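Undergrad: compute the structure for the input listed below.
(chains A and B, ligands or ions: 4)
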Number of protein chains: 2
Amino acid sequence: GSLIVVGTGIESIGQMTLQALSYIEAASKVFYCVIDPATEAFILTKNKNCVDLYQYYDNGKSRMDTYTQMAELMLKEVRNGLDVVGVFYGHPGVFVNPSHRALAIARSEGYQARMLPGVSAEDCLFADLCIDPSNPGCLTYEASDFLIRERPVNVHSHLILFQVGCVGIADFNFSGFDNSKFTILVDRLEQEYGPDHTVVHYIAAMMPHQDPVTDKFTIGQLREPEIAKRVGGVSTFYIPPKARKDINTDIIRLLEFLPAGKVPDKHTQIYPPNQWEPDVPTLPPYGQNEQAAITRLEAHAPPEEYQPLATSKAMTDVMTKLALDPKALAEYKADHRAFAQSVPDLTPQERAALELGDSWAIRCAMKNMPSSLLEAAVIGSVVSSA
Amino acid sequence: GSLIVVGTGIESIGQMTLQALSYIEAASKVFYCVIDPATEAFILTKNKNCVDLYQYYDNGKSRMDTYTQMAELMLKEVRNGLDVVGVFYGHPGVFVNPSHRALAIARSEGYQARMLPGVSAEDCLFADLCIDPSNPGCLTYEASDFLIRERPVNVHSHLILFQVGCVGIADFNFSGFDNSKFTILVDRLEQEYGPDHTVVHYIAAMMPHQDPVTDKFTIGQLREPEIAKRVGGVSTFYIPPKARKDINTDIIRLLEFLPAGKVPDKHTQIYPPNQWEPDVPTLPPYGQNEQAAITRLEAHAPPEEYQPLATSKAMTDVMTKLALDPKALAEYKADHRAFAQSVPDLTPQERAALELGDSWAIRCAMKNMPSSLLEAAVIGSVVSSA
Ligand SMILES: Nc1ncnc2c1ncn2[C@@H]1O[C@H](CSCC[C@H](N)C(=O)O)[C@@H](O)[C@H]1O
Ligand SMILES: Nc1ncnc2c1ncn2[C@@H]1O[C@H](CSCC[C@H](N)C(=O)O)[C@@H](O)[C@H]1O
Ligand SMILES: [Zn+2]
Ligand SMILES: [Zn+2]
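TA: Numbers count the residues shown, from 1 in each chain, chains lettered A, B, ... in the order given. Ligands and ions are numbered 1, 2, ... in the order given. Below is the structure in question.
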């Protein structure tokens, strides 16, 4: 037996990866927890043997018990010698208890266990809010865990909080959560950021035609019942930096990031600014260096050492096959020589490269195939803090 | 004109989302920065008009200049009235300057600008290391920015560092980076975590048959030239928690997470443990509560209020179409009535639901279609700290 756990992303159907889909298709048995009905419907057309894990939540039932069951249902089948696929919406290991639970148990018992990544709600937040986690660093917490364990804030970096809709709730209810302890989360955020600092209420669109909720509030507004009512089981908070941290220009020098003895402006960031953030000194989009780079584009030719793609249909076909056909990949991994020998239309260099399996060899083969004469010459909580 | 920016994920071809692929296909013009040759080859079969952005890096050329150019090339075409698709490997907004740069400029100039999320190397790290960012919180930094701005560590939460392969390098070289300031990063990590704490050197597999590098070291080992040589342009560091933070059992009480006047054990975590972490008191996989939940599965029936999927082929088809056909989605968004009227085989409830467009209506329609008589009765650095 074996367990593969895959994701579906957040927005229905379209945010599923190609490999997630091919593993769902190849499974003996599929267990899924998805919250968009069209994704569910899609999944059912792809495998004849699926079980909805959502039926294992209940009113007044500890989510922890639900997660134990979701994990055991998959493990039963793995122990029976089946190739099971677990499917969880988003990324299946981001704020999901039973995926990790089932995988760690499977691994302990000596079964093949693999998780494939997906697009998380945080990934969606980056995209819909056009923020880059690198500028100026990103800290992500579960909201109750943030409270429970008094986890430190970082006011100079992005803050993302999941499960703001179920603060201190160990439970479930089909009617939704009664987020009565929400006020405690606001207290903490006010203590850390002040009632006037920005909080974005974020809900990624689940249907392709839907708009994201990207509502800019102040933390103090979260105390108003009309505002607070809208934060539910699919709500995430984004808290922008309160201030930026100075560049340490002496560390700049030590790293020799810039020419010797030079200094950047300590207070200024790179274009673009973060829309959701209070004003920060930011470089203009088209200063001297940018104009120089743009005027230089006219003179541009590809550098000597740049090597363009130079492959064939047959090579492109086999690589595509290895990515999209789990069976063919398992065959290739079991025996590189036999598999490579069977591939149609491969050049002897392509063949040998595939035979070797080395990343260097394959990359070289795909850049060295001559093409011209010249060249040849909504309640989906799947984790709990408790 | 318009700009859509999409990702390809990390592992070749298979980690591309369905929507990324459909937007690449529909584009007038495609600009791409991908580092796996098979993904490049795949992309070229999907659109007839592509430009490789990789040719805009050069030896001794400031990456910032490269990013200015990558962004301007896309913006030129947007200004010409084209529907441009920018493609960046991974998630196109995670540690990527020019995507954000081009989008913010496009938006300022009044063009339609959208980023679609993808699978990041961090998403891959979660999956390959089976860690959950929620336990016990996740902090992500760019490595040079971590140094430059003396960003605080959090020894009780996960730490992820990108671009460990190019510390204090503003530059590029086709032969790879000369990571001479790497030692400065080690100094900081030793200062914060001690020479004996774990660091995982992580490289997600780029080819479907490749294994990830998931090498467990101590921070002190990073000083050895034989170890340090292997950290390159696609290297990420994972630093597990040094210790766990106590539950504050008085905050537990305030949130009424558990029955009144009850207490959990302050020092104990939920199963499973984190493989990469030093020993932590962890609950066993099958204690009393888990066995209770499992024996209870035998008695299990779906709760009264659980509503199984109950839709039709025609509805599933149209929802699938809206997810996978950008043109059909644009048509639907332009006019809900006319589009819904045109859809084959829709039930009048399905029709009206599609006409309304409301998430509630569509979800209700997909759970209320009766099916029985009873029921009817390698150098890819795309960001810089500078
Ligand atoms: N459409 C959506 N928009 C914003 N956040 C969402 C969301 N769906 C789920 N979430 C976040 O995820 C939490 C449930 S945990 C499930 C997360 C999912 N595995 C993922 O990859 O993101 C919610 O409480 C919320 O914080
Ligand atoms: N195969 C791989 N494995 C691990 N980390 C990787 C990787 N490819 C890229 N990275 C990380 O990404 C950095 C370049 S920034 C590009 C990141 C990409 N947009 C993404 O979504 O992840 C590298 O320095 C490294 O830290
Ligand atoms: Zn200044
Ligand atoms: Zn104890």
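
Undergrad: and the contacts of stretch A:25-34?
TA: The contact list for stretch A:25-34, computed with C-beta atoms under 8 Å, 6 or more residues apart in numbering or on different chains, reads A:4, A:8, A:24, A:40, A:43, A:46-47, A:49-54, A:70, A:73-74, A:77, A:82-89, A:326-327, A:380, A:382. Quick note: C-beta positions are derived from backbone N, CA and C, even for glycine.

Undergrad: how far away is residue A:106 from residue B:204?
TA: 21 Å (C-beta to C-beta, to the nearest Å).

Undergrad: sorry, slip of the keys, the one I care about is residue A:211.
TA: 32 Å.

Undergrad: please identify which of the two sits among more neighbours.
TA: Neighbours per residue (other C-beta atoms under 10 Å in any protein chain shown) separate residue A:211 from residue B:204, with residue B:204 holding more: 25 against 10.

Undergrad: can you pull the residues of chain A lying near ligand 3?
TA: A:265, A:267 (C-beta under 5 Å from the ion).

Undergrad: one more pass at 8 Å, please.
TA: Listed as neighbours of ligand 3 in chain A under the rule C-beta under 8 Å from the ion: A:265-268, A:281.

Undergrad: highest neighbour count among these?
TA: Busiest of these [other C-beta under 10 Å] is residue A:266, holding 14 neighbours.

Undergrad: residues contacting residue A:251?
TA: Per C-beta under 8 Å, 6+ apart, neighbours of residue A:251: B:147-148, B:150.

Undergrad: could you do residue A:181 as well?
TA: So residue A:181 contacts A:167-169, B:254-256 (C-beta under 8 Å, 6+ apart).

Undergrad: same question for residue A:179.
TA: Residue A:179 neighbours (C-beta under 8 Å, 6+ apart): A:165-167, A:169, A:228, A:231-232.

Undergrad: isn't residue A:275 right up against residue A:129?
TA: Yes. Between residue A:275 and residue A:129 there is a contact under C-beta atoms under 8 Å: 7.4 Å.

Undergrad: between the two, which has more neighbouring residues?
TA: residue A:129 (20 against 14).

Undergrad: still on that earlier bit, and the residues of chain A next to ligand 3, which is closest to ligand 3?
TA: When the residues of chain A next to ligand 3 are compared for distance to ligand 3 (C-beta to the ion), residue A:267 wins out at 3.7 Å.

Undergrad: briefly note if stretch A:220-240 comes near chain B.
TA: No. For stretch A:220-240, no contact with chain B is found by C-beta under 8 Å from any C-beta of the partner chain; the gap never falls below 10.5 Å.

Undergrad: what helix or strand is the residue of the stretch 251-386 of chain A found nearest ligand 4 on?
TA: Ligand 4 sits closest to residue A:386 of the stretch 251-386 of chain A, with a gap of 15.3 Å, by C-beta to the ion. Here residue A:386 sits in a region with no helix or strand, counting by DSSP states H and E.

Undergrad: who's in contact with it?
TA: Contact analysis of residue A:386 by C-beta under 8 Å, 6+ apart lists A:64, A:170, B:257-258, B:264, B:270.

Undergrad: could you pull out the strands in chain A for me?
TA: A:2-7, A:29-33, A:50-52, A:83-88, A:112-115, A:138-142, A:158-162, A:198-203, A:213-218, A:236-239 (DSSP state E).

Undergrad: report the buried residues of the lengthiest helix in chain A.
TA: Scanning chain A for the helix with the most residues, using DSSP state H, yields helix A:63-79. Neighbour-count burial for helix A:63-79, counted by 16 or more other C-beta atoms under 10 Å in any protein chain shown, picks out A:63-75, A:77-78.

Undergrad: and stretch A:36-55, by the same measure?
TA: A:36-44, A:46-47, A:50, A:52-55.

Undergrad: does any part of it sit near chain B?
TA: Yes. Interface with chain B: stretch A:36-55 contributes A:37-38, A:40-42, A:44-45, A:52, A:54-55 (C-beta under 8 Å from any C-beta).

Undergrad: residue of chain A closest to ligand 1, please.
TA: Relative to ligand 1, the nearest point of chain A is residue A:90 (2.1 Å; C-beta to the nearest ligand atom).

Undergrad: that residue touches residue A:125, doesn't it?
TA: No. Taking C-beta under 8 Å as the definition, residue A:90 is not a contact partner of residue A:125, at 11.3 Å.

Undergrad: for residue A:216, give me its contacts.
TA: Listed by C-beta under 8 Å, 6+ apart, the contact set of residue A:216 reads A:198, A:200, A:276.

Undergrad: can you add neighbour count and distance to residue B:139 and give the residues you listed back as TSV?
TA: TSV is the format used below for the contacts of residue A:216 (neighbours: other C-beta atoms under 10 Å in any protein chain shown; distance: C-beta to C-beta, whole Å):
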residue	neighbour count	distance to residue B:139
A:198	17	20
A:200	21	19
A:276	19	19
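
Undergrad: need those residues in CSV (columns: distance to ligand 2).
TA: Output for the contacts of residue A:216, formatted as CSV (distance: C-beta to the nearest ligand atom, whole Å):
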residue, distance to ligand 2
A:198, 26
A:200, 22
A:276, 21
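
Undergrad: from the residues you listed, pick the one nearest residue B:186.
TA: Nearest to residue B:186, judged by C-beta to C-beta, of those is residue A:276 at 34.6 Å.

Undergrad: got the contact list for the closest residue to the closest one other than its chain neighbours?
TA: Setting aside the residues directly before and after it, residue A:276 is nearest to residue A:240 in space (C-beta to C-beta, 6 or more residues apart in numbering or on different chains), at 4.7 Å. Residue A:240 makes contacts with A:158, A:197-198, A:200, A:274, A:276-278, as judged by C-beta under 8 Å, 6+ apart.

Undergrad: mind doing that once more with 7 Å?
TA: A:158, A:198, A:274, A:276-277 (C-beta atoms under 7 Å, 6 or more residues apart in numbering or on different chains).

Undergrad: greatest separation within those residues: which pair is it?
TA: Pairwise distances across the contacts of residue A:240 (C-beta to C-beta) peak at 11.6 Å, for the pair A:158 and A:198.

Undergrad: hmm, residue A:193 is touching residue A:218, no?
TA: No. Contact criterion C-beta atoms under 7 Å: residue A:193 and residue A:218 do not qualify, at 9.5 Å.

Undergrad: quick one: which of the two has more around it?
TA: residue A:193 (20 against 16).

Undergrad: rewinding a little: among the strands of chain A, which is nearest residue B:299?
TA: Among the strands of chain A, strand A:50-52 sits nearest to residue B:299 (C-beta to C-beta), with 17.0 Å.

Undergrad: state the distance from residue A:35 to residue B:215.
TA: Counting by C-beta to C-beta, the gap from residue A:35 to residue B:215 is 37 Å.
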